[PDB]
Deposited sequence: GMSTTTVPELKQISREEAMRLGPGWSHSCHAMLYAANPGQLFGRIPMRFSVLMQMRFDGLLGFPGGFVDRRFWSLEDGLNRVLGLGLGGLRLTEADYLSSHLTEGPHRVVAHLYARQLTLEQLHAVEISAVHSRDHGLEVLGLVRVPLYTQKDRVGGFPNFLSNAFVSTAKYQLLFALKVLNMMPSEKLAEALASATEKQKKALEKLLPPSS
């Protein structure tokens, strides 16, 4: 539960700033012809082995939040540019640093979301800061872990996991009761595996 502050509050913090983008699309597809996918969200495997969102740190000495964000997306040259209209949230990170994390979000068409993936494999950052893109599975299979719970049990950039859960809720892509359910199962899996 990271403390959310207003964008104005954030602009008055010795604090460093990060900007990340959550791109997503309604997804009519059905896995095995049976399981509704509902939505796909894009995340990235980072150079440091963690799953996060496209984006990174923004030096406000040099760039506005928006220009800084678009500089470090690592999504290639498919013509995608985020703006202030896509701004969603600012969160104070729990880190030993002092970081305020800004989240931008935009719903795309599934075709647009796919084109981003295709552009991304050619990014200047590909194989450097970004080791690949992955779609978030939002469904849960019959074994009660396949799909979203297993996915949440991967290793995340801490603020990125918080942001995913926060955005899924506030953008009404998933009932928060369902989110608690999936997270509970992820943590349980993680506990039993460590045993």
query	finding
Coordinate gaps, deposited numbering	1-8, 22-23, 206-212
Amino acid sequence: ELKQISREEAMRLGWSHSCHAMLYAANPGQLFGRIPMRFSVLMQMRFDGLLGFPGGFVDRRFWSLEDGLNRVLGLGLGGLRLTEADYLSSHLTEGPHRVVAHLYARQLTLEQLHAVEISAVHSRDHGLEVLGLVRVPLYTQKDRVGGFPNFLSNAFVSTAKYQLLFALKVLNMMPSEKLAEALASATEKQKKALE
From here on, numbers count along this sequence of modelled residues.
item: Greater mean Cα temperature factor according to the PDB record, 111-119 or 74-82; value: 74-82
item: Mean Cα B-factor comparison, 55-63 or 42-50, giving the higher one as deposited; value: 55-63
item: Top Cα B factor in the deposited entry, candidates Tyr139, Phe32, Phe151, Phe166; value: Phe32
item: Per the PDB entry, maximal CA B factor within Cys19, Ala25, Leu179, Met22; value: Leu179
item: Among modelled residues of the same chain, the CA temperature factor third for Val99; value: highest
